[PDB]
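In this analysis, Cβ positions are derived from the backbone assuming ideal geometry, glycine residues included, and neighbour counts consider all displayed protein chains. Read-outs throughout are calculated quantities, based only on the coordinates presented, and are distinct from any laboratory measurement.
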């Protein structure tokens, strides 16, 4: 403990120094400041082609994609799998396979139409970090219409946001956190959700991206939220299922994990209404 919300660096912009005992926090997940990082990428890079040498359909496609990638990129998968070369490659397999499982998020991906979804605040990105230093994700279901914005467009925006925020080294070491504001979650929206869309989102959150989702928060959800929850519930692994938190209207243990002071007005915070325009501009 003994850490404030301002004891951390910035989001969005790629980092510079690794201080604030986050490098020590990194060391607390099997990291060493020394010769580890350098060769680990090399050991992975060597592994990527070595397993592709067997002529396996996926392993080749894996080596096909990352053939033109930088050293920092491969280190993401190392910091994601607590510095384990084997585990890191398995994540990379699930990484590539995710694009193969779902091409509707990476095919005709025009960056011009994506920003329009981000500026709509879907999903939202808190410009500040939590008391643990994680990128707090935002999503307000109130007044959301599926006919205007597809569930897939959200994930497309979700991916791009994840693709770029993981440049920041402190994000890789601290992780992420999503806030789901289900105040305006009507039964009309409940039924209009496709089960395949939920699998699509869960397949993202699990074993695909080098991110450390450390908490999921649901607020102001109705009495019938458990209906949708129990359908997703089988999709979740034990690791993530235990990281999902439902509060309702009793936020007695909510404003400890996520400080109110850094929260928008949309999420019971002191800050003004979430602005998707300004956040999207910092991206591009």
Relative contact order of the chain, please, whole-number percent, based on alpha carbon pairs below 8 angstrom and at least 6 residues apart. 21 percent
Yeah, segment 136-284 with a ≥ b ≥ c from its alpha-carbon gyration tensor (a/c under 1.5 is rounded, else prolate when a/b outruns b/c, oblate otherwise) is rounded
Would you mind ranking 137, 47 so that the residue whose beta carbon has the fewest other beta carbons within 10 Å leads the list? 47, 137
Report the label-to-label distance for residue 56 and residue 261 in nanometres (one decimal), using points 7 Å from each Cα along the Cα→Cβ vector. 5.0 nm
Quick one: of the DSSP bridges fully inside segment 102-284, what percent are antiparallel, nearest 5? 15 percent
Taking only the C-alpha atoms, wrap a convex hull around the chain and report its volume per residue in Å³ as a whole number. 136 Å³
Inverse mean reciprocal Cα-Cα distance (Kirkwood Rh) of segment 1-101, Å: 15.1 Å
First measure r as the distance between the Cβ atoms of residue 73 and residue 202, then evaluate 1/(1 + (r/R0)^6) with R0 = 25 Å and state the FRET efficiency to the nearest 0.05. 0.55
Need one word for segment 86-180: rounded, prolate or oblate. Basis is the Cα gyration tensor (sqrt eigenvalues a ≥ b ≥ c); a/c below 1.5 gives rounded, then a/b vs b/c decides. oblate
Hey, in the GNM for the chain with a 10 angstrom Cα cutoff, which one of 125, 62, 11 fluctuates hardest? 62
The FRET efficiency for residue 20 and residue 223, from their Cβ-Cβ distance with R0 = 30 Å and rounded to 0.05, is 0.10
So if I take the centroid of the Cα atoms in segment 126-140 and the same for segment 224-260, what is the distance between those two points in Å? 16 Å
Residue with peak Gaussian network fluctuation, the chain [Cα springs, cutoff 10 Å], from 183, 239, 82: 239
